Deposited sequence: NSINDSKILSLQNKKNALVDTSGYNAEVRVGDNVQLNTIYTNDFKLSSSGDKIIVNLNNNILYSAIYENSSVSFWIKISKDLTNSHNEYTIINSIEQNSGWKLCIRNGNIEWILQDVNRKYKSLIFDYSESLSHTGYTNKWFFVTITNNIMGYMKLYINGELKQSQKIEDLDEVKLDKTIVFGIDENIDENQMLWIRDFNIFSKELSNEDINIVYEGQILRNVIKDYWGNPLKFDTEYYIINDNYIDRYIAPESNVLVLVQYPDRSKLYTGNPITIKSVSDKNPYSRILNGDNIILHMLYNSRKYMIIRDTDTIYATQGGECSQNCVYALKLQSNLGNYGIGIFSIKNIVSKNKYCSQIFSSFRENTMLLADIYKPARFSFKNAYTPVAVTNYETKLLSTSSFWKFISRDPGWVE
C-alpha cells in the first residue's frame, strides 16, 4: 500500500525492544523504567519526571517539505488537570523544529522557525473532564505538513484545525526525537503512546482514516478507555445514556441506581466477564464472542440472566427484565454475545441474546418509576439507539479517584 510505503520511522515492539521497523534504521534508546507493551503491542508509558525514549534518525532521510506523523495517545486524569504545561515529544535543537505539548487538558503541536516564531495546532481533548471527552482515553492523532504551506491536525480521522505556514521562515529539523517528561510530576501523572509513525508524504484525509481503522483493531471489544476488553476482569458496566447510574439488584430485578456522587466513576457492583468457550484467562474479548456476566454483590457472585417472563402480566416487541441467578454455569439463559459499535468518539458495544428469542440489551424506563436494563425482541429498528450502547469501565492507572 502507498501509505505504509511512505513510512520513514515506525516505532514498533519486536522481541522485547522498541525499535524502528521502517527499514531506515533510526536508533532507539529506551530508558530503564519505561514500560513497553502493557496494553497494546507497540505502546509505551511515560511517567515520573525522568525515564525517556530517544530516537536518533539517520542520513537515509533526502530532506523535504511533505511529511506526516501519526500515533495514539492516552493521558491520565491527574496529568490532564495540572494547569502546568508539559512537553511530551520534543524535536527542537536550539529553537527550531517541532514538539508536542499538553497544557490544561489540551494537546498542542508546535512548529517554530529559526527566528523562534511558531504557529501551533491545538486540540481540547479533555473539554472540562467531560466523561464524553478523552481524558485518559485512547485517541488517534495525525499531523500533516505540505508544500502550499499547511499543517493540519486530525483526531480520529476527523480534521480539527489546519493552519498555513505564514510568519514561519526556515525550520531546521534535527535527527533527534525525545519522548518523555522531565518536569517533576506526581506518581499518578502518566500517559501512553502507541504506533508512532512518521510519513514521507502528506496523508490524505482518506489515507488517515485507513490507518485509524486499521490500528483501532475493529474486531477487539474495547473498554471505556479504549483498552481491549478482557475476560476475567472487573468492570463497572454502564449504559451510554446513563453514565451516572450503576447496575444493582434492588428488587429481584436489575436496575440502574444513581451514583451518590456523580463526580466518581468507580461506583457499583463490579461485573466480571467469562468466556463460554475455552480461552486463556485474561484474553481479549472479540466481537461475536459468547460471554457470561458474574456480578459481585455482598461477598457472592451471581450470574446475570434474562427473565423468561415479560416485564408485565407477549407476541411481538417483547420486553424482558434482567435478573441474578445463584447457580453458576454455562446456562444458555445467561449466555450473551457482544459486538463493537463503530464510533469516532465512543468506546462501546451491543450485547445480544439468542436464548429463546433473539433479544438485544438496552436501558430505558417502562412501568414506582425506575431506569431498567432489559432484553427486547425485534430490535433492528434500535441498532442505532444510544440506549443499546454499553461501556465497560475498568480500574485504570490513568484515572485514580
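Visitor: Which parts of the deposited chain sequence are absent from the coordinates, listed in sequence order?
Guide: No C-alpha coordinates exist for 62-64, 317-321, 376-381.
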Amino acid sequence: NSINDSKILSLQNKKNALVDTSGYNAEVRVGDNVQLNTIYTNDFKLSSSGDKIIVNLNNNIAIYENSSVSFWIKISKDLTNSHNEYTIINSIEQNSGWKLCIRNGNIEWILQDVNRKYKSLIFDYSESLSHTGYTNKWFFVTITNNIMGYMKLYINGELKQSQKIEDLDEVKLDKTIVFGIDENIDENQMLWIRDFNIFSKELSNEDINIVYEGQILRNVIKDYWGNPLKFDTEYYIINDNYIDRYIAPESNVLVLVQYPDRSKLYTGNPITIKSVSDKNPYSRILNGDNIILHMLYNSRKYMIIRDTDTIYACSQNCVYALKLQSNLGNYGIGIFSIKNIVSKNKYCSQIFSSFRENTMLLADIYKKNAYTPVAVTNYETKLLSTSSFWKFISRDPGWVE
From here on, numbers count along this sequence of modelled residues.
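Between two forms, the rigid core is the largest collection of C-alphas that superpose within 1.5 Å.
Visitor: Between 291-299 and 72-80, which one strays more from this form in 5 other deposited structures of this protein if you match the rigid core and compare Cα atoms?
Guide: Taking the RMS over all superposed structures in 5 other deposited structures of this protein, 291-299 lies farther out.
Visitor: Superpose by the rigid core: which stretch, 247-255 or 196-204, shows more Cα shift in 5 other deposited structures of this protein?
Guide: Farther from the shown form on average in 5 other deposited structures of this protein: 247-255.
Visitor: Thinking of the other compared PDB entries, is residue 62 one of those residues unmodelled in at least a third of them?
Guide: Counting only entries that model residues on both sides, residue 62 is unresolved in at least a third of them.
Visitor: Should residue 314 be counted as unmodelled in at least a third of the other PDB entries compared?
Guide: It is, since residue 314 is left out of at least a third of the other entries that model both flanking stretches.
Visitor: Would you mind comparing 215-223 and 260-268 for me and telling me which has the higher average C-alpha temperature factor in the entry?
Guide: Going by the record's values, the stretch with the higher mean is 260-268.
Visitor: Would you mind comparing 227-235 and 150-158 for me and telling me which has the higher average C-alpha temperature factor in the entry?
Guide: Per the PDB entry, the higher value belongs to 150-158.
Visitor: Which listed residue, 289, 182, 195, 240, has the largest C-alpha temperature factor in the record?
Guide: Of the candidates given, the C-alpha B-factor peaks at 182.
Visitor: Compare the CA B factors listed in the entry for 275, 283, 76, 95 and report the winner.
Guide: Each of 275, 283, 76, 95 was compared by C-alpha B-factor; the highest is 95.
Visitor: Going by the CA temperature factor in the PDB record, which third of the chain does residue 138 belong to: lowest, middle or highest?
Guide: Lowest third.
Visitor: Ranking every modelled residue in this chain by its Cα temperature factor as given in the entry, which third contains residue 86?
Guide: Highest third.
Visitor: Please place residue 49 in the lowest, middle or highest third of its chain according to the CA B-factor in the PDB entry.
Guide: It falls in the top third of the chain.
Visitor: Give the position of residue 165 by CA B-factor within its chain, expressed as the lowest, middle or highest third.
Guide: Its C-alpha B-factor belongs to the highest third of this chain's values.
Visitor: Within this chain, which third does the Cα B-factor at residue 312 fall in: lowest, middle or highest?
Guide: Highest third of the chain for residue 312's C-alpha B-factor.
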